[PDB]
Amino acid sequence: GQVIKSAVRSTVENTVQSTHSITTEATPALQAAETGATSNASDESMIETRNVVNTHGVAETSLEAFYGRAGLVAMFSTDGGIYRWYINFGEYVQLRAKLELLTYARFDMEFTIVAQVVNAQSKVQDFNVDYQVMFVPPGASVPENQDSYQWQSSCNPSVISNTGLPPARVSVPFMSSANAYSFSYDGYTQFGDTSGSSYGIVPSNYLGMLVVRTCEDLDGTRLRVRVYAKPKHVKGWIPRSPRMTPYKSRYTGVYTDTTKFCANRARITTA
Amino acid sequence: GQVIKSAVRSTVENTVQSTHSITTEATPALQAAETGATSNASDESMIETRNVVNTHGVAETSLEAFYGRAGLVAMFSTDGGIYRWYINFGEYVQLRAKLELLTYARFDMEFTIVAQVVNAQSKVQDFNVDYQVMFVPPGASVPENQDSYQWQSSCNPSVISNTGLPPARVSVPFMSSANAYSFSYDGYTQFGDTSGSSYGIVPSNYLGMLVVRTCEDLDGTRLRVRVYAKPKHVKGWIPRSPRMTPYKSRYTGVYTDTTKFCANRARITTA
Amino acid sequence: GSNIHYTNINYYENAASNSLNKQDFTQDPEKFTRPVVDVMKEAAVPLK
Amino acid sequence: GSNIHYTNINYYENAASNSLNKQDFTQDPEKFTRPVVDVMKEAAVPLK
Amino acid sequence: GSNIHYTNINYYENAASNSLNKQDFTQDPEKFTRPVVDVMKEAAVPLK
Amino acid sequence: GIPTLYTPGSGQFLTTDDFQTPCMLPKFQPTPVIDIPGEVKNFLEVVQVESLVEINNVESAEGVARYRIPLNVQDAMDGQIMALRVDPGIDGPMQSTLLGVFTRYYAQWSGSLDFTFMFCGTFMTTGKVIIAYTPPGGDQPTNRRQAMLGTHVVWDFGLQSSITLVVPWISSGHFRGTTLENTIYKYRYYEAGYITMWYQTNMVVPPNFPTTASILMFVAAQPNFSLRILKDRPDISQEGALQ
Amino acid sequence: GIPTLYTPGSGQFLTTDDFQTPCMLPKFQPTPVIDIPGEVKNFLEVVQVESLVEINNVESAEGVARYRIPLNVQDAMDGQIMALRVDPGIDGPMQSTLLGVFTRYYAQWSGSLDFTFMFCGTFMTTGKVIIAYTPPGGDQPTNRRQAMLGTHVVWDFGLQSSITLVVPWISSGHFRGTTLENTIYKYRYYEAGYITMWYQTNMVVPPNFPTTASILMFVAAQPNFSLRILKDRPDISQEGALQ
Amino acid sequence: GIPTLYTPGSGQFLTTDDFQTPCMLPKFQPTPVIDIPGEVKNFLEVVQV
Amino acid sequence: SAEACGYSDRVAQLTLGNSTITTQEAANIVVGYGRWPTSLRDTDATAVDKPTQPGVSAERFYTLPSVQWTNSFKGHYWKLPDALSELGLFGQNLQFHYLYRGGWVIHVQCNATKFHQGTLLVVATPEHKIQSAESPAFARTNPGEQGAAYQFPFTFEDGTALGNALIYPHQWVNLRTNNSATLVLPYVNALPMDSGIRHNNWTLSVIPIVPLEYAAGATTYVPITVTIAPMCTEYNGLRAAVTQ
Ligand SMILES: CCCCCCCCCCCCCCCCCC(=O)O
Ligand SMILES: CCCCCCCCCCCCCCCCCC(=O)O
Ligand SMILES: N[C@@H](CCC(=O)N[C@@H](CS)C(=O)NCC(=O)O)C(=O)O
Ligand SMILES: N[C@@H](CCC(=O)N[C@@H](CS)C(=O)NCC(=O)O)C(=O)O
Ligand SMILES: [Cl-]
Ligand SMILES: [Cl-]
Ligand SMILES: [Cl-]
Ligand SMILES: [Cl-]
Ligand SMILES: [K+]
Ligand SMILES: [K+]
Ligand SMILES: [K+]
Ligand SMILES: [K+]
Ligand SMILES: [K+]
Ligand SMILES: [K+]
Ligand SMILES: [K+]
Ligand SMILES: [K+]
């Protein structure tokens, strides 16, 4: 079972007045990092302190406050009036790096879609057009064209809006077949295959794809789309060592080796 | 401690009927400005008065009523589809002069953004385009281009709207690291430097910058933006002598010396 | 003037989102007008 | 800071539709900072 | 999953205007799976 | 969806509106409010503080000298010392005072005014002057006899160096406009009257003493004073962005 | 239809907004929450865990060697061993630590800091060093005598291999900016001071022993530590889409 | 008019949305539900066959 | 008394099944995330077959081949349960079942003398990916009982900072202080159980952060030994033996 409790606080710890200490008994400053434990020396034991009723809160560092805001996860333009986006958050590094701070996490999500019409030279147009975003779960048929039958969307969820209306937005629940999404997986995607391409990816994190189209054909122009995602009701487990190297691939955590993280200085004795 | 109380009133003082007075005792009219105290002679003591139940209120001069309305703080046009505005209220004199009436103040703010598209000759266009305003706190990377990665805005707060929608608007809390914003600072921005350029500015008043862009590229046109700010829940301390000379610089209170404030008249004996 | 039937209900989490304060009183200005140690009555002479 | 007069009413069927959680507490970090079997008091030496 | 604090108030006259039903239970499938006259216990042989 | 009907005004940005809006930082927790002296809750607390009137606003007076009312040993009787319209918000000697600045941030005012004067001659210099307030109707009084018929105080120079003349609120309406701009609005309608000062006797000094002395003039709002309708202070302006 | 008036902000997409919205799968029922060790509710739980400081960030040190503070037998007294600004969010040795990473996700910080040091020489190697914290005002101390006037601890190498120097929160304001960027914001205003280490006596060893040894430096937030205003971590970036 | 602020998602047509909407025939009264054998409430009843 | 004065005794004995491990220079014992291994709760379980719980036949200490702390030593790591997938009955039960769940007791050993100096970080990392290569080699993702040598210690083989690995359950073997490290690890996963031949829940790393040095002439051959014991294990989905 759990031998270490986790009592909750809503403010940081206060400082209590302390006095001098000349003894052979209590030695707060002496530590032993070898144990694997972080020092337990308090301010009051290292110096003489005053009373400080500290009312500073801890809200902005809660998982909900840290993750509870939208970030870009997809950005693309239609081709032939259609685009197929496989749902995954490895394309854009900012949100990706945030999620990788936890090993496992459960959360609902709010997706927001911002779309505009652009021409061949990628210049934005003031043109209102209806667009459809359809969620195609794995196993369902993905439309090949802008007018394929799958767009009937009688079972697949779809959202139809217009570039002239406010951004489209819908919430999605925690959908994994697992009991938490995994942001680090030391294993393979299947039995009987040990090729590197199938390592480090947990399939249950892939819930399908979003296919987008304009309901009718645009003449010479395309639909530009940005998809934002915002985690909600976050529950997380096992904090991880933060990413310290640039991302190189969308599906793997491969990186370029380095001999330093921070820049060098002239000498260790000059701050 | 506080030796002078501050009882609250919701209406101005009434006038009570008074009669004549011929005495050597009470002499309300005699004063001594040298003490530093404002005269305490009342109407009832200087002349014979009648009863006046005065119900005039005092609401419109409260800090909330005085400051509680929007004023322009920024106005600019994008260049290359982007603009970087360092948050400070010294560019436009009206709101600036109002704030300088107090030495210290705490308040939340409501920011309202009004944007339109204009052409090269600065003529307004009827063109609806999506724009993004991102708040970049000090220390965060500021985007160099209209399409830089920072616009992913996974942590920085951003607001995305359209010139075709009503003005964008969001509230911000009292964000200073101090316990009040300071509108007068007789000190330097750092230790070890006494150059004039770093005098009279308290760094904690600068919370960062707003960077703006159109989500996609405009063709030959630019985005014109106006930012308004409205103080809310105002708490203020230490009233100051009002500005009496024109402002010359955005960051300092430097001014041009003058030998008079009001215009001259022919003679002191002719009103 | 002001209403006696105003509905004040906050829809947002942070107080910064709230509408303007509705108190608007004024206080005795003594701390600014007469910040002296010794009380000087209106009927007597200031200095003696 | 946060309001004491917040109205929390859910308009939708699924909890996934609900707004963000409003707790935001922190807990004793011991399970991460001092995950040891034997208690080591701040006043004594760690190893003996 | 589903909320325990859902507000169900009908704004329209006809029930056809109402939102989707929120029950969603399942029932014993016997009428389809075992529509027989004579009960056949799981522990005994079906026919004898 | 609850049936709704949006009305006129929808989407408008009224600078004085007062709605609740989403916060950029919903979970932010501000620094604590600490004990700071001098908290002010209403600017009426400020206009009640006396400030100097730039009363000697003539060509020959520059800077600090503009605050001094000239007084000198006379060789004739009943002479005039100074004159001024009492209106707190109009252009003139009052415009740069605390009372004047705030009055200029509003369109209407009401209340009694406190005009205090401090004599600054030598201890041996004596004199008596009369300060009078003339309610509206005509022009400023031409001589002491005429002025003396209005509200006034006779001031005797002595140990107590100052005197207060209260210009009581005497108006047809409960409020007055803060400007007397005539060409467009005909606001001269609101003129509040004049304040004038005259020698009651004479300024007298010993041998070889300065035969000229000064009086400083202070003004402040009384406790029954208030302002209405905020407006931009005409003195604050700019011709281009500041850098 | 109930009369309504829509206001400014309508239709905008504020990334930090917090509204209720229709669910794509209204009747979906998620998998049960199971018992998983290590649940974290607030990242303050993480920054309180000690991590190594990349303290020896010089040209000659590559990789793992950058975590080692060089110590060697001296032939002179009172010499310096290392120096560092204590600010957790600025570029330098702290930027790659747990505390540094999260501090870099925020704009402001507050609280005491825990700097722990572990000696890694042989059991026979002895020594005493002094570690001092110099509150802001001037430059880093030039010699041991100057450093010794600030907050400090004298560390004696022995059975207990480590020592902790608490850099108490000593600041004018309740919070400090996490960057000291000067050119634009003049944030050098927030500098928190320096931490320096000096030989108190000397590192002493037996015959034929290594005359050089290492000290590992750890840092973590104390229980009175907090962060405010989330911002994007400057270290995470990309020049094009990832494939 | 009650002050309101419309949000993202406004005007969108989510196929799985669940709102109340005006009826084309507000006073219509449907035929009675009669007794019909084989009512099914959940398709789990079918896959078990 | 050790618990009376508030300190941790430097001696320790670990007894599981028919195996006992002792050390006279320990530095307390770490319990990952403060949680001891526990059985799967009926409310968390999903697989319906009655599980197999081998007991002492599998919950005991297995010692792996030793590793030499060479001059060029960058570190060494082992994947769990991979490293024991072919050892004793634990290995057999792992091979014969589709599903496995269990905790661990890890004991790392490295003794030198009071004339040597050096420091090893002993860390147990959940879901530790070896992703320094575009296409990771199976020999490195699943090195077996021999374990694999580190090639990129500074970046922890996964693109993070070695110095921040302390966020995971760990201890240090600082030669002047101790000669062993002990860690108790609970089962961690986003699932109640998983396949022991397709997924490694933990990775044990032993990394030299302070190089091994010593008085001239002292013993130069210093081995590092790892002894691991499965704890509180259970298996489901019995069939023929299958290895990765
Ligand atoms: C019909 C409206 C469309 C709206 C979008 C719905 C999207 C549904 C999919 C949600 C799945 C989110 C899983 C997040 C985890 C992915 C992590 C990873 O990339 O490894
Ligand atoms: C994401 C939406 C953007 C909206 C704007 C948010 C702006 C946040 C900054 C608020 C800081 C206000 C401080 C006012 C004090 C400045 C005084 C001065 O100029 O000296
Ligand atoms: N391919 C059709 C034209 C496209 C069309 O009508 N598609 C239909 C039936 S295949 C559909 O399902 N459309 C879905 C939609 O566009 O919403 C043809 O035979 O000309
Ligand atoms: N520079 C890119 C084009 C711009 C782009 O796609 N930028 C991406 C990744 S660098 C981004 O972060 N965009 C944010 C946004 O525009 O919303 C290229 O390689 O052509
Ligand atoms: Cl005028
Ligand atoms: Cl006039
Ligand atoms: Cl910096
Ligand atoms: Cl710096
Ligand atoms: K507290
Ligand atoms: K201790
Ligand atoms: K600590
Ligand atoms: K009254
Ligand atoms: K008096
Ligand atoms: K007065
Ligand atoms: K049967
Ligand atoms: K058994």
Side-chain angles (χ1 to χ4, degrees), chain B residues 70 84 86-88 110-114 130 132-142 148-150 152-162 164-171 173 175-179 187-193 197-198 201-209 228 251, chain G residues 5-17 87 89-91 95 102-110 135-139 171-191 193 227-242:
Chain B
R84 289 168 275 276
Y86 297 114
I87 306 169
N88 117 294
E110 182 194 75
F111 281 76
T112 302
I113 300 168
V114 183
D130 292 304
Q132 182 181 356
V133 178
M134 177 170 67
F135 169 51
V136 184
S141 177
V142 174
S148 300
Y149 80 88
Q150 299 94 329
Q152 280 170 42
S153 199
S154 74
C155 291
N156 294 167
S158 273
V159 60
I160 291 175
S161 196
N162 190 293
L165 287 166
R169 170 179 286 174
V170 314
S171 289
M175 296 163 66
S176 183
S177 57
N179 305 86
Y188 289 78
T189 63
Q190 77 177 79
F191 293 116
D193 180 50
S197 67
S198 61
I201 298 167
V202 69
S204 52
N205 265 23
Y206 299 63
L207 281 298
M209 63 158 269
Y228 296 81
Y251 296 111
Chain G
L5 181 150
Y6 64 79
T7 64
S10 290
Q12 79 188 2
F13 166 29
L14 168 64
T15 62
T16 52
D17 66 13
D87 308 72
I90 64 175
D91 281 30
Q95 78 182 70
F102 281 99
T103 296
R104 288 161 82 75
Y105 262 115
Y106 292 82
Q108 304 175 330
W109 71 286
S110 179
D139 303 305
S171 176
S172 52
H174 282 251
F175 290 85
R176 274 182 171 117
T178 56
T179 180
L180 296 181
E181 194 292 301
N182 227 18
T183 62
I184 304 178
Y185 299 110
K186 308 274 191 169
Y187 266 33
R188 181 74 87 79
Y189 168 89
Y190 293 119
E191 57 183 354
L227 298 165
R228 305 195 309 178
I229 309 174
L230 189 71
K231 76 184 205 294
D232 279 293
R233 183 185 164 196
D235 314 291
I236 305 301
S237 65
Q238 79 191 93
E239 285 310 310
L242 297 183

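Residue numbers start from 1 in every chain, and the chains themselves are labelled A, B, ... in the order their sequence lines are given, proteins ahead of strands. Keep in mind that the numbers below use all heavy atoms, side chains included, and drop hydrogens, waters and symmetry copies.
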Hey, could you give me the [atom1]/[atom2] distance between [X] and [Y], rounded to the nearest 0.5 Å?
| X | Y | atom1 | atom2 | answer |
| --- | --- | --- | --- | --- |
| G:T15 | B:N156 | OG1 | CG | 8.5 Å |
| B:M209 | G:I184 | CE | CD1 | 8.5 Å |
| G:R188 | B:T189 | CZ | OG1 | 9.5 Å |
| G:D235 | B:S141 | CG | OG | 10.0 Å |

Is it the backbone or the side chain of [X] that comes under 4.5 Å from a heavy atom of chain G, or both, or neither?
| X | answer |
| --- | --- |
| B:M175 | both |
| B:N88 | neither |
| B:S171 | neither |
| B:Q132 | neither |
| B:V114 | neither |

Does any heavy atom of chain B fall under 4.5 Å from the side chain of [X], the backbone, both, or neither of them?
| X | answer |
| --- | --- |
| G:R104 | neither |
| G:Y105 | side chain |
| G:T179 | side chain |
| G:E181 | neither |
| G:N182 | side chain |
| G:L230 | both |

Return the option, out of [options], with the maximum number of heavy-atom pairs under 4.5 Å with chain G.
| options | value |
| --- | --- |
| B:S204, B:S158, B:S161, B:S176 | B:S158 |
| B:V159, B:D193, B:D130, B:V170 | B:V159 |
| B:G192, B:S153, B:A178, B:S154 | B:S154 |

| query | Under a 4.5 Å heavy-atom cutoff, which of G:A107, G:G177, G:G137, G:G9 has the most pairs with chain B? | reply |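 That would be G:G137.
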| Top residue by heavy-atom pair count (under 4.5 Å) with chain B, among G:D232, G:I236, G:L14? |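 The residue among G:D232, G:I236, G:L14 with the greatest pair count is G:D232.
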| query | G:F175 and B:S177: which non-hydrogen atoms are nearest, and at how many Å? | reply |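 Closest heavy-atom pair between G:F175 and B:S177: O-CB, 3.4 Å.
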| said: Quick check: closest heavy atoms across G:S10 and B:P166, and the distance to 0.1 Å? | reply: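 Of all heavy-atom pairs spanning G:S10 and B:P166, the closest is O-CD, 3.7 Å.
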| message | Would the distance check show the side chain of B:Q190 and the main-chain N or O of G:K186 forming a donor-acceptor pair, the cut-off being under 3.5 Å? | response |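 A pair under 3.5 Å: no.
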| message | Any side-chain to backbone donor/acceptor pair from G:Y187 onto B:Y206? Under 3.5 Å, distance only. | response |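 Yes.
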| message | Can you confirm whether B:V202 sits close enough to G:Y189 that some side-chain heavy atom of one is under 4.5 Å from a side-chain heavy atom of the other? | response | yes
